[PDB]
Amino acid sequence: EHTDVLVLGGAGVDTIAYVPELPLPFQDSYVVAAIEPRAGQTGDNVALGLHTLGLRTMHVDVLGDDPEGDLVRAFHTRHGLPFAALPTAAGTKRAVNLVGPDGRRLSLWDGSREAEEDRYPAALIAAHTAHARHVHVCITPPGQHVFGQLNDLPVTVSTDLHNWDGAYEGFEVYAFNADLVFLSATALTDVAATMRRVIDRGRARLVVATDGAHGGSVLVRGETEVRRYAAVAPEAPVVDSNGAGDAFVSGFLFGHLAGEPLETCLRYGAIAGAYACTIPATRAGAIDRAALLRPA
């Protein structure tokens, strides 16, 4: 009856423009397809994905009194996602993304959408974790202040560092206080080294470094060699690779909370990620339980 998985942060709005190619050669203007601001940033996708897979999720994030804020509220209402909007003077998180015909995405992340005085109230975290098994913390503020509290709780914690430097100190509090750490490998100087470093802090059981259509790589606590997983071919054209890594997290966690072995969890993630690559910005979509369990 209560929250099974608490999702912290990551609520926002992407404005997608489909472009002929990336990098886009300079002109005064291109005529593009329909431009339509939608909710569905990393916190929105992890929530939707987990909920579509049948888990009782709660989603909490700071939210502006914005037209962007309206979109996020409507997103959760539309997909039946339990949601708590916290006030903030900074405004709702935004990005402008350029999507190529191959599904590749160039995100322009608004970095002004932070108020240092924002906090996820301790009582709210406590209320939604009273019977919960897992908390996913998005790397958006004020997520950096929540791990003193979560570390004392009988729940597992996961995070997604996305295109982490491997060096940028800001993501460390996330990377070093999470049992399951996810991240992309596109901005890593040394993938293997970053993965080993996250493990050498003595908290994470595994690290996953995703590599798009190549699948990705994983490192398990106490193991020396990194493992790979294969990407799954989508049953539809790759249109928009936005939310794939979030879909991967959702799929993986579904298997994690169901006691599945690592390889199955990785399989779930890959299938969910491939599905997400086939969804336009014109609709919101997350893979369903039945389809996730369909391949062998």
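Numbering starts at 1 and runs along the sequence shown.
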| item | value |
| --- | --- |
| 13-21 set against 279-287, stretch whose average Cα temperature factor tops the other in the entry | 279-287 |
| Mean C-alpha temperature factor, higher of 111-119 and 91-99 | 111-119 |
| Out of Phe75, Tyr174, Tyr168, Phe182, highest CA B-factor residue | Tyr168 |
| Identity of residue with top Cα B-factor, from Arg38, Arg228, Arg56, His59 | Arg228 |
| Record-listed C-alpha B factor of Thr129: chain third | middle |
| Third of chain Cα B-factors occupied by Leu293 | highest |
| Lowest, middle or highest third - CA B-factor, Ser241 | highest |
| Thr189 by Cα B-factor - lowest, middle or highest third of the modelled chain | highest |
| Position of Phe26 among the chain's modelled residues by C-alpha B-factor, lowest, middle or highest third | middle |
